[PDB]
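Only one chain comes next, encoded as structure tokens, the form deposited in one PDB entry.
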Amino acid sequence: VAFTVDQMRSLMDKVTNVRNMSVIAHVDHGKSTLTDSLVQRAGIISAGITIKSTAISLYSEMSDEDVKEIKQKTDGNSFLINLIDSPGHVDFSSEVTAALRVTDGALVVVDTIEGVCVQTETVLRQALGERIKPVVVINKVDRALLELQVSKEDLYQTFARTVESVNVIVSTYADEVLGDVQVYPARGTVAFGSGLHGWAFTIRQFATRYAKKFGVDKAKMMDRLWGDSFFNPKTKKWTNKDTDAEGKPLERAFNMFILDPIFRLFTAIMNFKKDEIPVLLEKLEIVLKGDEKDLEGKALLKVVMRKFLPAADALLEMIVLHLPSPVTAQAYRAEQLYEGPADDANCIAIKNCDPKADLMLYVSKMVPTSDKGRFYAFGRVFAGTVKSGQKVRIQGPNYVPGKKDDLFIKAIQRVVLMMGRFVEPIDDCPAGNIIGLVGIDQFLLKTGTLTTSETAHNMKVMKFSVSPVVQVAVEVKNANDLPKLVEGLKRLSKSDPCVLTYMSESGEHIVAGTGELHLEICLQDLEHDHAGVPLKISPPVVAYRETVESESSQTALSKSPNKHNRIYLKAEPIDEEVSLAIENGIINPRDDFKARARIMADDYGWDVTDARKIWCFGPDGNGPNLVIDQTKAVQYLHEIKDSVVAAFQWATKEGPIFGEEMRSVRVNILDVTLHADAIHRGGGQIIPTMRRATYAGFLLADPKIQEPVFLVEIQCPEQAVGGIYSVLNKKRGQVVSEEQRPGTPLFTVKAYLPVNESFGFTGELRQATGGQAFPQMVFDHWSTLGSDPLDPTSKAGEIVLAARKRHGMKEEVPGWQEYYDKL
């Protein structure tokens, strides 16, 4: 239906009638198929700037009698339904949690034949851990009839077992603070149908229809339409035992009034019995129009079943009548979503869904848009109201009420509705609704918490990292498609904030990701969308860092090509604390040199003198590497600063060991001799000099390499927990902690896993745990290898040599002599 911005707002202030939910379903179960039936039925459209579909808005209207069945506060017969997009596979665990965290209900799609698969089962216990109320829909019923040709009792028992396995997971993992959340068909919390043909029903739907033919409240009618209830056809009597007086079998109510009519149509139509179909269609009052009166086979069956039992209506029914509104759900999800005091003024405001209290908007992700390369924040208002122009406290991951770290007090340019693929600006948005924001992508990488209270903690943070720990080399198979790849990379890097595309000194096109899989999907999209050109991709490679262990054995000297300029320097390690500070924005390159020096001096034990002589950071002019000016009375020194800085940028991007970025490397320019005439101190002369001197100093400062290390958080049932340790003990993994969930038998093992050992990790962990494990790893720290990188046999040297060959460099690492002045 087409709605105006006024209608949406008027529909968004009635939070009691909103349904924040996602669809938990395996892709091969018709997840997208059932979703389609919903958008083609209740999909809301607006009466320029396009975005990647992240959420869909659905409208559902019901009767006054229907609204009286909802066991929660309601207001009016209009209902807003936010269908939040879900990942296409469990492996995308980090974003699976993201969707579930901003939802309150869940439509769990289960197969008729295969029942509940391992994936849907795993995602479900995660949703239950997030305190999400589920409603089930048994899809693929079409297969049971057409292919398997099962009987009415077989199909019933099949549903009974399917629903049984679901509640086995529910009663086990659903927290006891929600009461009985198990699903019962008789209670209209379970639907059945075929997404393919687009039909579905609930016990409540058939109860309503027969409710009149029996002069009976559908309460006890749908109660009969399941389980052991039998309507003896001969005596016209309802009974509770499956046999009559003479001991003859009675058909159960479900098979008699629900399955039979459907089985009739399936048989009448698929058998081309032209004389039955018309009669059979009339008593069910299914009228075909013009072109439809000639259809046959599946073509006819599809139309008849789509007009008989529209799929979306069965689903919308359960969603509106049984899924918690933001008001009802936030009451028991607040304490779980707040990383602070339970009785806090903000946490209380979240439990009540108070639109008047301090703002508590959650940013689950950043969405790519057509408005330049900017991203639109996507999330949900848990408290207060977000307004256009409103100044909010953008609180990032590292943010803490104490310090002012990772805090950005900026203003919201525009707040907009995420109408699937389109954007609609609005004045404000009360708490309880999903929304998108404009002009935050430069402050929030992916996730974060918006606040208007100077004493509010972050909401349950989702750990992410932009650090590219794995990368590959892209190359066109056809040299004429080069321009298509160049633009493809520029496009790829825009569809994802955590994807990096750059050019190495050799001119190679590099694509770097946050993980094996993350980088895998990006190379696909690139070769199919952004570029669409046949590409030659090298095997995945882990990103290492080059560092020093001590101060240069001696002063590093290097002179320019013209032999007139000289740079003396010495390299020394930088404390991890400092490197962390730099990476964490504490020690900031674009910060006042005096204010910054005070920090380094007081909080990190730096000679304030040196801290004010910082010429630059690196690489990219902000890395954890520094050039300190320690020269004394050097004439024209400043006239080469731009060049020296430039050199340091390249020298720190690709180190002398094997082309890898430097980390924690402090360069101290001890002395400089320059030609009097600036004609001989140009970039061409100084840049190389500084660059080489830096290499010589580095190689003299006890070279070492650092390997990236993950922090993996694994959710796994007690039984399969043994399979986790089995895998970690051959990947050089180190266990950090093993916690158990209070009630459930769910464990949460956390450990460090070297990135170069994570290749295929999820695949192995899958098998070792039978698919019960739920992986989730993020970059944690860099680890310095003890072995000598200059030794080809050592563990570090092994990596080095392999890399050097792979790059086509001289197998041996250059001695400092190569870069030192040739004296």
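For the two forms, the rigid core is made up of the largest set of C-alpha atoms that agree within 1.5 Å on superposition. Position 1 is the first residue in the sequence shown; the rest follow in order.
What comes next is about the form deposited in another entry, which does not appear here.
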To test your reading of the superposition: with the rigid core aligned, which of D354, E130, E121, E654 moves its Cα by 2 angstroms or more between this form and the one not shown? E654
Checking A581 here: with the core superposed, does its CA move 2 Å or more between this form and the one not shown? yes
Return yes or no for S53: a CA shift of at least 2 Å between this form and the one not shown, with the rigid core superposed? no
With the core lined up, does the C-alpha of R393 move 2 Å or more between this form and the one not shown? no
Any idea whether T54 and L526 get closer or farther by CA distance in that other deposited form, knowing it moves 3 angstroms or more? farther
Between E516 and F375, do the C-alpha atoms lie closer or farther in that other deposited form than in the shown form, with a difference of 3 angstroms or more? closer
